[PDB]
Protein chains: 2
Amino acid sequence: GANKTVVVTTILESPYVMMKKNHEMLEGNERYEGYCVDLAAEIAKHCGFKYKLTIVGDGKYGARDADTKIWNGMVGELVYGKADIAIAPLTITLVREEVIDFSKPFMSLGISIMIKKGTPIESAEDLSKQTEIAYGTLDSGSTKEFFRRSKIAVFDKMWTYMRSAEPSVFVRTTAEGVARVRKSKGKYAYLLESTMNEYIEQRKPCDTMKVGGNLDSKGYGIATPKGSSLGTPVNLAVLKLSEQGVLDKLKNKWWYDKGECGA
Amino acid sequence: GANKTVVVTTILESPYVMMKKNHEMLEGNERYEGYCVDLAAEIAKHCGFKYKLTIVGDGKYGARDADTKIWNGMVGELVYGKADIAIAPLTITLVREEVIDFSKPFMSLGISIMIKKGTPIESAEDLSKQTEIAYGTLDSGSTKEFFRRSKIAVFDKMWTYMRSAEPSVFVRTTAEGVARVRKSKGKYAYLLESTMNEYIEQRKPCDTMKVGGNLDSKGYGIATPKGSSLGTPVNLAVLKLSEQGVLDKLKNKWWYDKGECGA
Ligand SMILES: O=C(Cn1nc(C(F)(F)F)c2c1CCCC2)Nc1sc2c(c1C(=O)N[C@@H]1CCNC1)CCCC2
Ligand SMILES: N[C@@H](CCC(=O)O)C(=O)O
Ligand SMILES: N[C@@H](CCC(=O)O)C(=O)O
């Protein structure tokens, strides 16, 4: 029927969506800033809809429980009808593609290694061949699943270690993973997406580093419930924004214009 | 109805599809080798179909004539019903997305600069600010369209030069562009996709080089006629192959295992 205000699910993840310092001063969409806040505005303008940004209730990206088969996170909010679109750093994966629609990618990324500066690790192979430096991933996301399902020798070796490590090497939020790298004196390395790694690398106190090549190559897509009428126009908008250079401009805005660690 | 032999349109473009040295000895799909030959085999296996590789009649990727509105190339072969699927380095673009279906990307690329080794050019900006070194693109493709439609200062400046340059800076095939770089003594630079640039860089006589960062960021997708039943299973196959590491393995096979210029 007639156009309705679109409910957008997203996640507090820097620099994609961040609470403005004075958010209690503010209301609605104005509380938030970042790459995905800007992207949401652009997509909405190019598709002719009004929208409401909402932070996913459980603070998760989206995973399906093996027993209950229930989806959590942003994927859950789409699947169960709580939100109309997810505009966030949501990784395109096979298991998700089967239950939600994805746009063509608006940003590329790969799994990558974050270290505290001076940590004697250059690669995944290096991590896998030692035990003094612990390492882990975010839970309820595509990185954890990557290791869990990998049949590649090095990554299987890493997963075999991570799943049984004590204390737990897994974290609830990216900020938690970063905090642990920073506070563990080089004895913890964090496996996270290159995009987030490269952002943090240019933030004070300038004490972390991305090392080695990416472990995989993929992208984030804008997600809609399977068969939603929003899917087509949203996909065209992403392609138009890409071709206009708008996506590149926004990356510059939120990553390198935000750089606090020099050149 | 019942499963039918799938007609695959593709293009002779190294290392994606190449005629085996002894092709006149061979018949059908066995005449060809390369990344997209291997990908076609994998996609067909994972989707449960039989197929016939065919080289696009006009040797073009696909562009729409401004007057007649007729599509040429591989895109034309899909649009007019001559082929069931395109498995090739076919760039995902807005204008194409509106007339054909694309899988999620199976390979990333960006527009890039090829020079003869020793050419005093480091960037697009460098090319745009001089006239002694000519430069151009392939015709009937996404790179030419990129420059034609760009509102970005440097690229508009480049397009303004390229469209009126004499003699023509445009070429019919990638091999032609490469031949011209190689034979023009540093007085021609070629604008082509990073994937093709990086392949040629590792081929004898080892006299070309990719310089500067990419001008854009995008990907190739597997294409089907709009609404075709093949689209869904093909897209899942691409994601599965990505997640299994098969796409990375095939890239290594055809780019770096094929490297003739040392380390
Ligand atoms: O192909 C990719 C990344 N990418 N994404 C995927 C997957 F979709 F997640 F499966 C895969 C790859 C590569 C390897 C195979 C699987 N990236 C792609 S394709 C593509 C775009 C962009 C992109 O990042 N977006 C650019 C990056 C900079 N500005 C926006 C933009 C529109 C045209 C098609
Ligand atoms: N982008 C990931 C979350 C981050 C991670 O898993 O490292 C996802 O969509 O699940
Ligand atoms: N991949 C391009 C062809 C190569 C180019 O334009 O540089 C296309 O699909 O049109």
# chains A, B, ... in the order shown; residues from 1 in each chain; ligands from 1
>>> interface_residues(of="chain A", to="chain B", cutoff="9 Å", atoms="only C-alpha atoms", output="PyMOL selection string")
chain A and resi 92-94+97-98+102-105+107-108+146+149-152+216-218+236-240+242-245+248
>>> write_last_selection(atoms="N, CA, C and O atoms", output="mmCIF file, in the first residue's frame")
data_model
loop_
_atom_site.group_PDB
_atom_site.id
_atom_site.type_symbol
_atom_site.label_atom_id
_atom_site.label_comp_id
_atom_site.auth_asym_id
_atom_site.auth_seq_id
_atom_site.Cartn_x
_atom_site.Cartn_y
_atom_site.Cartn_z
ATOM 1 N N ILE A 92 27.990 -10.211 4.080
ATOM 2 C CA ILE A 92 27.291 -11.111 3.177
ATOM 3 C C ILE A 92 27.844 -12.532 3.347
ATOM 4 O O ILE A 92 29.033 -12.769 3.112
ATOM 5 N N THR A 93 26.986 -13.459 3.796
ATOM 6 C CA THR A 93 27.363 -14.865 3.966
ATOM 7 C C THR A 93 26.275 -15.767 3.370
ATOM 8 O O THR A 93 25.130 -15.342 3.200
ATOM 9 N N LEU A 94 26.655 -17.002 3.060
ATOM 10 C CA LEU A 94 25.751 -17.982 2.473
ATOM 11 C C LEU A 94 24.532 -18.218 3.385
ATOM 12 O O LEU A 94 23.383 -18.168 2.944
ATOM 13 N N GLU A 97 22.295 -15.179 3.366
ATOM 14 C CA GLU A 97 21.698 -14.953 2.039
ATOM 15 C C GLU A 97 20.448 -15.804 1.813
ATOM 16 O O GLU A 97 19.545 -15.420 1.065
ATOM 17 N N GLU A 98 20.390 -16.958 2.461
ATOM 18 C CA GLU A 98 19.270 -17.857 2.295
ATOM 19 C C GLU A 98 18.016 -17.379 3.037
ATOM 20 O O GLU A 98 16.906 -17.752 2.681
ATOM 21 N N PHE A 102 20.253 -9.400 0.272
ATOM 22 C CA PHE A 102 21.363 -8.448 0.375
ATOM 23 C C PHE A 102 21.502 -7.649 -0.909
ATOM 24 O O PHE A 102 21.420 -8.206 -2.013
ATOM 25 N N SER A 103 21.741 -6.354 -0.760
ATOM 26 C CA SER A 103 22.254 -5.536 -1.871
ATOM 27 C C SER A 103 23.634 -6.020 -2.340
ATOM 28 O O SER A 103 24.337 -6.760 -1.641
ATOM 29 N N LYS A 104 24.042 -5.576 -3.524
ATOM 30 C CA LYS A 104 25.446 -5.684 -3.887
ATOM 31 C C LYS A 104 26.240 -4.955 -2.781
ATOM 32 O O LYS A 104 25.692 -4.067 -2.101
ATOM 33 N N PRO A 105 27.523 -5.323 -2.595
ATOM 34 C CA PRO A 105 28.306 -4.769 -1.490
ATOM 35 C C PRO A 105 28.488 -3.260 -1.575
ATOM 36 O O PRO A 105 28.672 -2.722 -2.665
ATOM 37 N N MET A 107 30.770 -1.936 0.740
ATOM 38 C CA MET A 107 32.131 -1.853 1.269
ATOM 39 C C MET A 107 32.756 -3.237 1.286
ATOM 40 O O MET A 107 32.101 -4.227 1.626
ATOM 41 N N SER A 108 34.043 -3.292 0.944
ATOM 42 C CA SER A 108 34.779 -4.542 0.977
ATOM 43 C C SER A 108 35.559 -4.645 2.281
ATOM 44 O O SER A 108 35.874 -3.626 2.922
ATOM 45 N N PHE A 146 33.555 -18.183 10.271
ATOM 46 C CA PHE A 146 34.629 -18.444 9.314
ATOM 47 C C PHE A 146 35.592 -19.488 9.860
ATOM 48 O O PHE A 146 35.865 -20.484 9.202
ATOM 49 N N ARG A 149 33.880 -23.089 10.595
ATOM 50 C CA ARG A 149 33.555 -23.900 9.422
ATOM 51 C C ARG A 149 34.748 -24.173 8.503
ATOM 52 O O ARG A 149 34.651 -25.015 7.607
ATOM 53 N N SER A 150 35.867 -23.483 8.715
ATOM 54 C CA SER A 150 37.029 -23.629 7.826
ATOM 55 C C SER A 150 37.636 -25.035 7.808
ATOM 56 O O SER A 150 37.884 -25.644 8.851
ATOM 57 N N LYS A 151 37.853 -25.544 6.599
ATOM 58 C CA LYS A 151 38.573 -26.800 6.399
ATOM 59 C C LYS A 151 40.041 -26.533 5.994
ATOM 60 O O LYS A 151 40.800 -27.474 5.758
ATOM 61 N N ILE A 152 40.440 -25.256 5.958
ATOM 62 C CA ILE A 152 41.825 -24.861 5.663
ATOM 63 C C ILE A 152 42.722 -25.102 6.881
ATOM 64 O O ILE A 152 42.383 -24.696 7.993
ATOM 65 N N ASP A 216 40.548 -13.548 4.242
ATOM 66 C CA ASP A 216 39.516 -13.757 3.233
ATOM 67 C C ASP A 216 39.155 -12.427 2.561
ATOM 68 O O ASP A 216 39.722 -11.378 2.884
ATOM 69 N N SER A 217 38.217 -12.483 1.619
ATOM 70 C CA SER A 217 37.798 -11.311 0.861
ATOM 71 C C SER A 217 36.294 -11.348 0.638
ATOM 72 O O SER A 217 35.774 -12.296 0.047
ATOM 73 N N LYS A 218 35.604 -10.322 1.109
ATOM 74 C CA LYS A 218 34.155 -10.287 1.037
ATOM 75 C C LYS A 218 33.652 -8.842 1.144
ATOM 76 O O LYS A 218 34.392 -7.910 0.834
ATOM 77 N N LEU A 236 19.838 -0.682 -6.454
ATOM 78 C CA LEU A 236 20.175 0.337 -7.458
ATOM 79 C C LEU A 236 20.828 1.568 -6.815
ATOM 80 O O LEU A 236 21.779 2.126 -7.356
ATOM 81 N N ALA A 237 20.324 1.977 -5.653
ATOM 82 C CA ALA A 237 20.882 3.112 -4.930
ATOM 83 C C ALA A 237 22.349 2.850 -4.564
ATOM 84 O O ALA A 237 23.193 3.716 -4.766
ATOM 85 N N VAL A 238 22.644 1.658 -4.054
ATOM 86 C CA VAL A 238 24.032 1.289 -3.693
ATOM 87 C C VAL A 238 24.957 1.388 -4.922
ATOM 88 O O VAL A 238 26.039 1.969 -4.855
ATOM 89 N N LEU A 239 24.513 0.835 -6.046
ATOM 90 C CA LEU A 239 25.288 0.910 -7.301
ATOM 91 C C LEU A 239 25.481 2.350 -7.800
ATOM 92 O O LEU A 239 26.575 2.713 -8.223
ATOM 93 N N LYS A 240 24.424 3.155 -7.739
ATOM 94 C CA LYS A 240 24.486 4.561 -8.137
ATOM 95 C C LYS A 240 25.452 5.335 -7.228
ATOM 96 O O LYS A 240 26.311 6.091 -7.701
ATOM 97 N N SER A 242 27.910 4.104 -5.450
ATOM 98 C CA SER A 242 29.243 3.611 -5.772
ATOM 99 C C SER A 242 29.810 4.343 -6.989
ATOM 100 O O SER A 242 30.920 4.903 -6.948
ATOM 101 N N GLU A 243 29.028 4.335 -8.064
ATOM 102 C CA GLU A 243 29.471 4.903 -9.345
ATOM 103 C C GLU A 243 29.648 6.424 -9.298
ATOM 104 O O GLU A 243 30.518 6.957 -9.974
ATOM 105 N N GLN A 244 28.862 7.102 -8.462
ATOM 106 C CA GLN A 244 28.997 8.543 -8.214
ATOM 107 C C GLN A 244 30.196 8.918 -7.321
ATOM 108 O O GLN A 244 30.510 10.097 -7.173
ATOM 109 N N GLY A 245 30.857 7.930 -6.727
ATOM 110 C CA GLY A 245 31.994 8.183 -5.846
ATOM 111 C C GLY A 245 31.606 8.526 -4.416
ATOM 112 O O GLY A 245 32.479 8.815 -3.585
ATOM 113 N N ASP A 248 33.086 6.111 -1.700
ATOM 114 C CA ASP A 248 34.506 6.407 -1.474
ATOM 115 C C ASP A 248 34.678 7.659 -0.597
ATOM 116 O O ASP A 248 35.529 7.673 0.324
#
>>> residues_near_ligand(ligand="ligand 3", cutoff="8 Å", atoms="only C-alpha atoms and all ligand atoms", output="PDB file with N, CA, C and O atoms, in the first residue's frame")
ATOM      1  N   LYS B  60      32.740  -8.394 -27.457  1.00  0.00           N
ATOM      2  CA  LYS B  60      32.526  -7.239 -26.577  1.00  0.00           C
ATOM      3  C   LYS B  60      31.890  -7.623 -25.234  1.00  0.00           C
ATOM      4  O   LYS B  60      31.207  -8.643 -25.127  1.00  0.00           O
ATOM      5  N   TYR B  61      32.112  -6.780 -24.227  1.00  0.00           N
ATOM      6  CA  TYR B  61      31.549  -7.002 -22.895  1.00  0.00           C
ATOM      7  C   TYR B  61      30.065  -6.669 -22.868  1.00  0.00           C
ATOM      8  O   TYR B  61      29.242  -7.504 -22.491  1.00  0.00           O
ATOM      9  N   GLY B  62      29.722  -5.444 -23.254  1.00  0.00           N
ATOM     10  CA  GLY B  62      28.330  -5.069 -23.378  1.00  0.00           C
ATOM     11  C   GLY B  62      28.095  -3.603 -23.129  1.00  0.00           C
ATOM     12  O   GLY B  62      28.403  -3.091 -22.059  1.00  0.00           O
ATOM     13  N   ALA B  63      27.570  -2.928 -24.146  1.00  0.00           N
ATOM     14  CA  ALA B  63      27.200  -1.532 -24.059  1.00  0.00           C
ATOM     15  C   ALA B  63      25.925  -1.357 -24.856  1.00  0.00           C
ATOM     16  O   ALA B  63      25.657  -2.124 -25.779  1.00  0.00           O
ATOM     17  N   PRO B  89      34.767 -11.992 -16.815  1.00  0.00           N
ATOM     18  CA  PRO B  89      35.057 -10.780 -16.034  1.00  0.00           C
ATOM     19  C   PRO B  89      34.130  -9.613 -16.437  1.00  0.00           C
ATOM     20  O   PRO B  89      34.562  -8.603 -16.994  1.00  0.00           O
ATOM     21  N   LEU B  90      32.851  -9.783 -16.115  1.00  0.00           N
ATOM     22  CA  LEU B  90      31.804  -8.848 -16.453  1.00  0.00           C
ATOM     23  C   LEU B  90      31.502  -7.975 -15.243  1.00  0.00           C
ATOM     24  O   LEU B  90      31.017  -8.467 -14.211  1.00  0.00           O
ATOM     25  N   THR B  91      31.799  -6.685 -15.376  1.00  0.00           N
ATOM     26  CA  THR B  91      31.679  -5.732 -14.269  1.00  0.00           C
ATOM     27  C   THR B  91      30.221  -5.408 -13.930  1.00  0.00           C
ATOM     28  O   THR B  91      29.398  -5.146 -14.810  1.00  0.00           O
ATOM     29  N   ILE B  92      29.923  -5.450 -12.633  1.00  0.00           N
ATOM     30  CA  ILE B  92      28.626  -5.057 -12.106  1.00  0.00           C
ATOM     31  C   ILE B  92      28.480  -3.533 -12.199  1.00  0.00           C
ATOM     32  O   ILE B  92      29.263  -2.795 -11.593  1.00  0.00           O
ATOM     33  N   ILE B 111      39.546   0.178 -11.578  1.00  0.00           N
ATOM     34  CA  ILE B 111      40.251   0.754 -12.715  1.00  0.00           C
ATOM     35  C   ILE B 111      41.651   1.158 -12.248  1.00  0.00           C
ATOM     36  O   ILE B 111      41.838   1.600 -11.106  1.00  0.00           O
ATOM     37  N   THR B 137      41.385   3.726 -23.098  1.00  0.00           N
ATOM     38  CA  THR B 137      40.658   2.612 -22.522  1.00  0.00           C
ATOM     39  C   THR B 137      40.157   1.655 -23.604  1.00  0.00           C
ATOM     40  O   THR B 137      40.202   1.946 -24.809  1.00  0.00           O
ATOM     41  N   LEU B 138      39.634   0.524 -23.152  1.00  0.00           N
ATOM     42  CA  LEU B 138      38.899  -0.391 -24.014  1.00  0.00           C
ATOM     43  C   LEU B 138      37.572   0.249 -24.443  1.00  0.00           C
ATOM     44  O   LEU B 138      36.959   0.997 -23.675  1.00  0.00           O
ATOM     45  N   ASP B 139      37.102  -0.041 -25.655  1.00  0.00           N
ATOM     46  CA  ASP B 139      35.729   0.404 -25.931  1.00  0.00           C
ATOM     47  C   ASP B 139      34.679  -0.671 -25.621  1.00  0.00           C
ATOM     48  O   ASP B 139      34.992  -1.849 -25.422  1.00  0.00           O
ATOM     49  N   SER B 140      33.431  -0.218 -25.496  1.00  0.00           N
ATOM     50  CA  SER B 140      32.265  -1.067 -25.201  1.00  0.00           C
ATOM     51  C   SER B 140      32.309  -1.721 -23.811  1.00  0.00           C
ATOM     52  O   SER B 140      31.756  -2.825 -23.618  1.00  0.00           O
ATOM     53  N   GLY B 141      32.933  -1.033 -22.852  1.00  0.00           N
ATOM     54  CA  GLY B 141      33.076  -1.564 -21.492  1.00  0.00           C
ATOM     55  C   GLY B 141      32.836  -0.576 -20.370  1.00  0.00           C
ATOM     56  O   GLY B 141      32.583   0.624 -20.584  1.00  0.00           O
ATOM     57  N   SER B 142      32.958  -1.084 -19.148  1.00  0.00           N
ATOM     58  CA  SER B 142      32.658  -0.291 -17.961  1.00  0.00           C
ATOM     59  C   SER B 142      33.697   0.806 -17.677  1.00  0.00           C
ATOM     60  O   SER B 142      33.356   1.818 -17.071  1.00  0.00           O
ATOM     61  N   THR B 143      34.948   0.614 -18.109  1.00  0.00           N
ATOM     62  CA  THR B 143      36.003   1.608 -17.884  1.00  0.00           C
ATOM     63  C   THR B 143      35.742   2.871 -18.706  1.00  0.00           C
ATOM     64  O   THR B 143      35.803   3.988 -18.185  1.00  0.00           O
ATOM     65  N   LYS B 144      35.429   2.687 -19.987  1.00  0.00           N
ATOM     66  CA  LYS B 144      35.096   3.825 -20.857  1.00  0.00           C
ATOM     67  C   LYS B 144      33.909   4.597 -20.291  1.00  0.00           C
ATOM     68  O   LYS B 144      33.948   5.825 -20.188  1.00  0.00           O
ATOM     69  N   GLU B 145      32.862   3.868 -19.912  1.00  0.00           N
ATOM     70  CA  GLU B 145      31.671   4.473 -19.303  1.00  0.00           C
ATOM     71  C   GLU B 145      31.994   5.234 -18.017  1.00  0.00           C
ATOM     72  O   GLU B 145      31.410   6.285 -17.759  1.00  0.00           O
ATOM     73  N   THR B 174      41.820  -5.879 -24.921  1.00  0.00           N
ATOM     74  CA  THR B 174      42.867  -5.660 -23.925  1.00  0.00           C
ATOM     75  C   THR B 174      44.259  -5.935 -24.509  1.00  0.00           C
ATOM     76  O   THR B 174      45.202  -5.188 -24.250  1.00  0.00           O
ATOM     77  N   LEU B 191      44.469   2.380 -19.438  1.00  0.00           N
ATOM     78  CA  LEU B 191      43.570   2.343 -18.277  1.00  0.00           C
ATOM     79  C   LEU B 191      42.734   1.076 -18.372  1.00  0.00           C
ATOM     80  O   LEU B 191      41.929   0.915 -19.300  1.00  0.00           O
ATOM     81  N   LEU B 192      42.944   0.162 -17.432  1.00  0.00           N
ATOM     82  CA  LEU B 192      42.289  -1.133 -17.462  1.00  0.00           C
ATOM     83  C   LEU B 192      42.090  -1.673 -16.052  1.00  0.00           C
ATOM     84  O   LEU B 192      42.619  -1.149 -15.075  1.00  0.00           O
ATOM     85  N   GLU B 193      41.325  -2.736 -15.944  1.00  0.00           N
ATOM     86  CA  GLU B 193      40.983  -3.239 -14.614  1.00  0.00           C
ATOM     87  C   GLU B 193      42.203  -3.887 -13.946  1.00  0.00           C
ATOM     88  O   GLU B 193      43.032  -4.527 -14.613  1.00  0.00           O
ATOM     89  N   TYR B 220      33.274  -8.208 -10.379  1.00  0.00           N
ATOM     90  CA  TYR B 220      32.631  -8.969 -11.446  1.00  0.00           C
ATOM     91  C   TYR B 220      31.564  -9.859 -10.841  1.00  0.00           C
ATOM     92  O   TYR B 220      31.774 -10.442  -9.786  1.00  0.00           O
TER      93      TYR B 220
END
>>> residues_around(residues="range 178-181 of chain B", least_positions_apart="2", cutoff="9 Å", atoms="only C-alpha atoms", output="list in words")
residues 114, 115, 116, 173, 174, 175, 176, 183, 184, 185, 186, 187, 188, 189, 190, 200 and 208 of chain B
>>> write_last_selection(atoms="N, CA, C and O atoms", output="tab-separated table (two decimals), in the first residue's frame")
chain	number	residue	atom	x	y	z
B	114	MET	N	48.16	1.08	-16.38
B	114	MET	CA	49.28	0.29	-16.87
B	114	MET	C	50.25	1.20	-17.60
B	114	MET	O	49.85	1.98	-18.49
B	115	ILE	N	51.52	1.10	-17.24
B	115	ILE	CA	52.59	1.80	-17.95
B	115	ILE	C	53.67	0.84	-18.45
B	115	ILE	O	53.85	-0.28	-17.92
B	116	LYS	N	54.41	1.28	-19.46
B	116	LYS	CA	55.66	0.64	-19.78
B	116	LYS	C	56.64	1.02	-18.67
B	116	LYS	O	56.65	2.17	-18.21
B	173	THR	N	40.46	-4.51	-27.95
B	173	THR	CA	40.72	-5.61	-27.05
B	173	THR	C	41.81	-5.21	-26.06
B	173	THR	O	42.62	-4.32	-26.33
B	174	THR	N	41.82	-5.88	-24.92
B	174	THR	CA	42.87	-5.66	-23.92
B	174	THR	C	44.26	-5.93	-24.51
B	174	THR	O	45.20	-5.19	-24.25
B	175	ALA	N	44.39	-6.99	-25.31
B	175	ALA	CA	45.67	-7.32	-25.94
B	175	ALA	C	46.19	-6.18	-26.81
B	175	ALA	O	47.39	-5.94	-26.87
B	176	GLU	N	45.28	-5.47	-27.46
B	176	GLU	CA	45.60	-4.29	-28.26
B	176	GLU	C	46.16	-3.15	-27.39
B	176	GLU	O	47.17	-2.53	-27.72
B	183	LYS	N	54.72	-1.24	-27.30
B	183	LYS	CA	55.35	-0.80	-28.55
B	183	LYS	C	55.49	0.72	-28.69
B	183	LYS	O	56.13	1.19	-29.62
B	184	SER	N	54.90	1.48	-27.76
B	184	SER	CA	54.92	2.94	-27.86
B	184	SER	C	56.03	3.65	-27.08
B	184	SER	O	56.05	4.87	-26.99
B	185	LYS	N	56.96	2.88	-26.51
B	185	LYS	CA	58.17	3.44	-25.89
B	185	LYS	C	57.91	4.39	-24.71
B	185	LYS	O	58.65	5.35	-24.48
B	186	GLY	N	56.85	4.12	-23.96
B	186	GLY	CA	56.47	4.93	-22.81
B	186	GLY	C	55.52	6.08	-23.12
B	186	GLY	O	55.17	6.83	-22.22
B	187	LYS	N	55.12	6.22	-24.39
B	187	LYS	CA	54.28	7.34	-24.83
B	187	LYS	C	52.78	6.99	-24.86
B	187	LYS	O	51.96	7.82	-25.26
B	188	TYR	N	52.44	5.79	-24.40
B	188	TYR	CA	51.05	5.42	-24.19
B	188	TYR	C	50.90	4.67	-22.86
B	188	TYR	O	51.66	3.74	-22.58
B	189	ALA	N	49.92	5.09	-22.06
B	189	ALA	CA	49.53	4.40	-20.83
B	189	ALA	C	48.11	3.89	-21.04
B	189	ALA	O	47.31	4.54	-21.71
B	190	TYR	N	47.80	2.72	-20.49
B	190	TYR	CA	46.51	2.07	-20.72
B	190	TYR	C	45.74	1.98	-19.40
B	190	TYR	O	46.31	1.58	-18.37
B	200	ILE	N	49.00	-9.32	-16.43
B	200	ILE	CA	49.97	-8.95	-17.47
B	200	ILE	C	51.34	-8.58	-16.87
B	200	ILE	O	52.38	-8.88	-17.45
B	208	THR	N	55.79	-4.27	-18.32
B	208	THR	CA	54.72	-3.38	-17.89
B	208	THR	C	54.58	-3.37	-16.38
B	208	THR	O	55.03	-4.29	-15.70
>>> select_by_dssp(residues="range 107-150 of chain B", states="helix (DSSP H, G or I)", output="ChimeraX atom specification")
/B:124-128,142-149
>>> select_by_dssp(residues="range 142-244 of chain B", states="strand (DSSP E)", output="ChimeraX atom specification")
/B:188-193,208-211,218-220,223-225
>>> residues_around(residues="residue 160 in chain B", least_positions_apart="2", cutoff="12 Å", atoms="only C-alpha atoms", output="PyMOL selection string")
chain B and resi 128+135-136+144+147-158+162-165
>>> residues_around(residues="range 17-27 of chain B", least_positions_apart="4", cutoff="12 Å", atoms="only C-alpha atoms", output="JSON, numbers by chain")
{"B": [9, 10, 11, 12, 13, 31, 32, 33, 34, 35, 36, 37, 38, 39, 40, 52, 53, 54, 55, 56, 87, 88, 89, 254]}
>>> write_last_selection(atoms="C-alpha atoms", output="JSON list (two decimals), in the first residue's frame")
[["chain", "number", "residue", "atom", "x", "y", "z"],
["B", 9, "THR", "CA", 28.48, -16.73, -23.04],
["B", 10, "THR", "CA", 32.05, -15.70, -22.26],
["B", 11, "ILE", "CA", 34.95, -13.74, -23.76],
["B", 12, "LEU", "CA", 38.53, -14.48, -24.77],
["B", 13, "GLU", "CA", 40.32, -12.51, -22.07],
["B", 31, "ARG", "CA", 39.14, -26.07, -26.29],
["B", 32, "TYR", "CA", 39.35, -23.46, -23.50],
["B", 33, "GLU", "CA", 41.23, -22.92, -20.25],
["B", 34, "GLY", "CA", 41.41, -20.32, -17.51],
["B", 35, "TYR", "CA", 39.86, -18.90, -14.35],
["B", 36, "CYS", "CA", 36.33, -18.58, -15.76],
["B", 37, "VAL", "CA", 36.57, -22.04, -17.41],
["B", 38, "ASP", "CA", 37.31, -23.47, -13.95],
["B", 39, "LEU", "CA", 34.60, -21.29, -12.33],
["B", 40, "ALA", "CA", 32.03, -22.44, -14.91],
["B", 52, "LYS", "CA", 28.29, -25.33, -23.36],
["B", 53, "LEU", "CA", 30.93, -22.59, -23.40],
["B", 54, "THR", "CA", 30.54, -20.14, -26.29],
["B", 55, "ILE", "CA", 32.66, -17.11, -27.13],
["B", 56, "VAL", "CA", 30.55, -13.96, -27.59],
["B", 87, "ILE", "CA", 30.57, -16.37, -16.80],
["B", 88, "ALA", "CA", 33.31, -13.87, -17.51],
["B", 89, "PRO", "CA", 35.06, -10.78, -16.03],
["B", 254, "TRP", "CA", 45.79, -18.29, -12.80]]
>>> atom_distance(atom1="CA of residue 199 in chain A", atom2="atom 11 (C, counted along the ligand's line) of ligand 1")
20.7 Å
>>> closest_residue(among="B:81, B:214, B:64, B:202", to="ligand 1", atoms="only C-alpha atoms and all ligand atoms")
B:214
>>> atom_distance(atom1="CA of residue 260 in chain A", atom2="atom 22 (C, counted along the ligand's line) of ligand 1")
26.9 Å
>>> closest_residue(among="B:256, B:261, B:207, B:96", to="ligand 1", atoms="only C-alpha atoms and all ligand atoms")
B:96
>>> closest_residue(among="B:57, B:251, B:134, B:119", to="ligand 1", atoms="only C-alpha atoms and all ligand atoms")
B:251
